């Protein structure tokens, strides 16, 4: 249907525009609109173009010291990894995830530190044996080292468990 095709081209046009803005709310909306295109016509050239736009916006959201922006950046980039593994876009997506995790690890809150471990753990499993994986393990260690200072017994248990898997996943 030609009307559907023009509807999705409109979404993509607007997504491209919003991705050019520094405003987090514009960036988040650009991700939403582009993802609608991918959802309606998977595997199409329109959908593949949309993943580039999603990545551009995620790139920008990853820099912000806003925990909500960073979470969105992780979820968005992780979707590019799943859908374009045969493209260099997937590598840039993993680098974006790592940038976001590092940023989360800086935030003064345990829920953010937990999010950093969770994000970096994605990178370990989706690029084992690489420098990205090794850097991700360092972030998990650093974040775990920060969770250690928290008084909560549950956070302290999480930090220990995180440090344990890092050791076992590294060489002797």
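Positions refer to the first chain, counted from 1.
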- Item | Selected stretch [higher average CA B-factor]: 120-128 or 101-109 | 101-109
- Message: Comparing average C-alpha B factors as deposited, tell me which of 59-67 and 141-149 sits higher.
- Response: 141-149
- Identify, among 41, 135, 28, 49, the residue whose C-alpha carries the highest B-factor in the deposited PDB entry. 41
- Ordered by C-alpha B-factor within the chain, which third holds residue 17? Give me lowest, middle or highest, please. lowest
